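Enquirer: Quick one: the structure is below, questions incoming.
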Amino acid sequence: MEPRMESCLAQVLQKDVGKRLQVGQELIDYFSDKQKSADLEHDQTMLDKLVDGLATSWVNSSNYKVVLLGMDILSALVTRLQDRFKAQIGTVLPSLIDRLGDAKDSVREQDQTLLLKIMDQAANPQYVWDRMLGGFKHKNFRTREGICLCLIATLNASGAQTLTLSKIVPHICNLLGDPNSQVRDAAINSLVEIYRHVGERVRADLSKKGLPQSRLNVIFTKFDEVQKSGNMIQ
């Protein structure tokens, strides 16, 4: 193609899957080359349009290879733009949140990898998580599970100090009574991980939330197991 923003935008908007598979990597090279893409933030309007095209069209593609490649292009953008990507986070998040529950595990996993990278280079964990809480109520059980997993992954990447956990825990608690057993496991797991990073405070928070006692029993027993194993992180 051409090393120009209108050329790249056009290759992002065009909807031929074969051509997308062919130029995804060229788009990556363009954004990761400061000379070829020196004009990147000259026109904020078509920068916005390009991110938007990736999020709405590539990420939502029915071809999972297009989804993964689109996520990769986004990833190159984050590396190139750093904190200036913060302006784009809101635009990309709904489709990334959805794709935490995609049919393909490879997509769920790269999606998490990208999300973590956005938290690391475009903003911070809490700015992104303030905007992801909607995912807890997503109708696809694989997305609710994905949110809990992504929270675990976040604790390990950045530590509990970077999250306002008191904001997030109520949502997980809601997930404890999920119709889906995998979502319920994932939520219990999330609470166990939080406890590993934070300790007894979580047990107090949880006890004051009017959960059924059956639920409290399962979780607290698991907390006790963590203590027994000296598996605390902190």
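FYI the Cβ positions are ideal-geometry reconstructions off the backbone, even for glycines, and counts take in every protein chain you see. Only the coordinates and a few stated rules stand behind these numbers; no lab work does.
Enquirer: Across 10 Å bins from 0, what is the distribution of all Cα-Cα pair distances for the stretch 80-178, in whole percents?
Expert: It works out to 16, 51, 30, 2, 0, in whole percents.
Enquirer: Related question: Set the Förster distance to 22 Å, then compute FRET efficiency between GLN234 and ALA204 from the Cβ-Cβ distance, nearest 0.05.
Expert: That pair, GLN234 with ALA204, gives E of 0.85.
Enquirer: I need the Kirkwood Rh of the stretch 156-234: take the reciprocal of the average 1/r across all distinct C-alpha pairs and report it in angstrom.
Expert: It is 12.8 Å.
Enquirer: Set the bar at 31 Å for Cα to Cα. Now go through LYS86/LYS209; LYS34/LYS86; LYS104/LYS208; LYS65/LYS167; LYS65/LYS117; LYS117/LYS208 and name every pair that lies beyond it.
Expert: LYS86/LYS209; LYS104/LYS208; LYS65/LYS167; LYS117/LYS208
Enquirer: Once both labels are modelled 7 Å past Cα along the beta-carbon direction, what's the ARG4-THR56 spacing in nm?
Expert: Distance between label points: 2.4 nm.
Enquirer: Multiply the residue gap between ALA153 and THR79 by 0.36 nm, knock off their C-alpha separation, and tell me the result in nm, one decimal place.
Expert: Fully extending the segment from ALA153 to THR79 adds 24.6 nm.
Enquirer: Could I ask something else about it? How big is the charge dipole of the stretch 80-206 about its Cα centre, in debye rounded to the nearest 20, if each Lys and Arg gets +1 on its Cβ and each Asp and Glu gets -1 on its Cβ?
Expert: Rounded to the nearest 20 debye, it is 260 debye.
Enquirer: Moving on. Compute the distance in nm between two label points, each set 7 Å from the Cα along the Cα-to-Cβ direction, one at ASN140 and one at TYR64.
Expert: 1.2
Enquirer: For the chain, what does -39500 (n - 2.57) per DSSP helix run (n ≥ 4), summed and divided by total residues, give at 222 nm, in deg cm²/dmol to the nearest 500?
Expert: One gets -22000 deg cm²/dmol as the mean residue ellipticity at 222 nm.
Enquirer: About the Cα centre of the chain, what is the dipole size in debye to 20, counting +1 per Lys and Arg Cβ and -1 per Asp and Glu Cβ, all else neutral?
Expert: It comes to approximately 780 debye.
Enquirer: If you project the alpha carbons of the stretch 2-234 onto their three principal axes, what span does each projection cover, largest first, in Å?
Expert: Principal-axis extents of the stretch 2-234 (Cα, largest first): 63, 31, 28 Å.
Enquirer: Can you find, among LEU116, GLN25, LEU74, the residue sitting farthest towards the positive end of the charge dipole of the stretch 2-234, where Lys and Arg contribute +1 and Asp and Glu -1 at Cβ?
Expert: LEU116
Enquirer: Find out how many positive minus negative residues lie around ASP111, taking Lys and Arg as positive, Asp and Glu as negative, among other residues whose Cβ is under 12 Å from that of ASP111.
Expert: Net charge in that neighbourhood comes out at 0.
Enquirer: Related question: Using only Cα atoms, find the angle between the long axis of helix 17-32 and the longest principal axis of the chain, and express it within 0 to 90 degrees, rounded to the nearest 10.
Expert: 90
Enquirer: Moving on. Roughly how many nanometres apart are two label points built 7 Å out from the Cα toward the Cβ at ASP29 and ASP120?
Expert: The two pseudo-label positions are separated by 2.6 nm.
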